Structures are given as C-alpha cells and as structure tokens.
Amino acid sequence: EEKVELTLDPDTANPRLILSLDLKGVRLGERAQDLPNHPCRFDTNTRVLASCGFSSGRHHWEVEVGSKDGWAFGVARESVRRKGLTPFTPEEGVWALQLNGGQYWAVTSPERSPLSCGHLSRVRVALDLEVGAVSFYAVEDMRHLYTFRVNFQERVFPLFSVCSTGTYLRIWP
C-alpha cells in the first residue's frame, strides 16, 4: 500500500560512502570524505538512512542492487547507534537482506539465514507497521524472499549499507 518517494539523508551517510547528487544511489568510495560531523551521521559503519521515517501504515519502495558482493539494505529503528562500531543485527535495530560471498542472506542473529532465491536485480521492500513486518520481494515475478516480524515501537527508516567497492544500491526509479 502506497509507493513512497525516498531520498537518502546526507546528514546520516558514513563519510566513506559516495552518494549520487539526486540522493538515490550509494556505493563505497576508496577514502573517507571530509564531511561535517552531524550527530545523526554513522561515523564508523558504512550506512545511510532515507530522510523519511515511518510511524504507522504500510509503505513500499524498490532498490536496484549490484551483482557484486558487499551490500545490505532494509530498515532500521531511529535509535540505531550512529557513533562507534555497532553490530549489524536485529538486536542493534537493523532488519536487512545482504549479498556476501556470492550468497543472499536475511541478516538474522545469532546466525544469518541463507536464501535460495537466485539472482536479484531489483527488490521491493514492503513495511507494514500495523502488522509489524518488513518484507522483501524480487520485482520480476514479485516472488517473496523473506519477512522479518518486529513489534516496531519507534519510527522506522529505510536503511542502506555498502561495505565493498564495486557494488551499489539505488532507490528506484
């Protein structure tokens, strides 16, 4: 329910990321940029949020994914830690799919869950704050990939992480 028009929040972006000027695309750069030290900025983890956070309702958006390893995306609670090295786990307030070692995974803790979904090109993220779910679909055939069940009780932001050079995420279109 309700396609949303998202832009990456440049006050959150870790200084090693390269954002697109239209605030849709993100990759990892070779060096930290000299960005201003905003309190909301991830100073260590390779993360950026969208500027829009959701308190209720059902929302969906699409993410164009690179073929090469080194990305994760989904949603984060607003209280996700910004300063210091924070584990990438549901307990630390991130719910995401990742591509690592040529395999797709739901980032569950304490063990990640391997998916057998085959090659991904674009992924729909559906957030339902009434039901308490974030779900991922392959856009081709809208095949269900994975749903995290969470009793979300703070604002939820779209989350992107790129931890290797040579891959990318882009909010589509």
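For the two forms, the rigid core is made up of the largest set of C-alpha atoms that agree within 1.5 Å on superposition. Just count from 1 along the sequence shown to find any residue number.
A.B. asks: Quick one: with the core lined up, is it 132-140 or 35-43 that wanders further in 7 other deposited structures of this protein, going by C-alpha RMS?
C.D. replies: This comes out as 35-43, the stretch further from the shown form in 7 other deposited structures of this protein.
A.B. asks: Out of 7-15 and 161-169, which one has CA B-factors that are higher on average in the deposited record?
C.D. replies: Stretch with the higher mean C-alpha B-factor: 161-169.
A.B. asks: Compare the mean C-alpha B-factor of 40-48 with that of 134-142 as given in the PDB entry, and name the stretch with the higher value.
C.D. replies: The stretch with the larger mean CA B-factor is 134-142.
A.B. asks: For the listed 106, 35, 126, 26, which has the peak Cα B-factor recorded in the PDB entry?
C.D. replies: Going by the entry's C-alpha B-factors, 35 comes out highest.
A.B. asks: Where does residue 100 sit by CA temperature factor within its chain: lowest, middle or highest third?
C.D. replies: Tercile = highest for this residue's CA B-factor.
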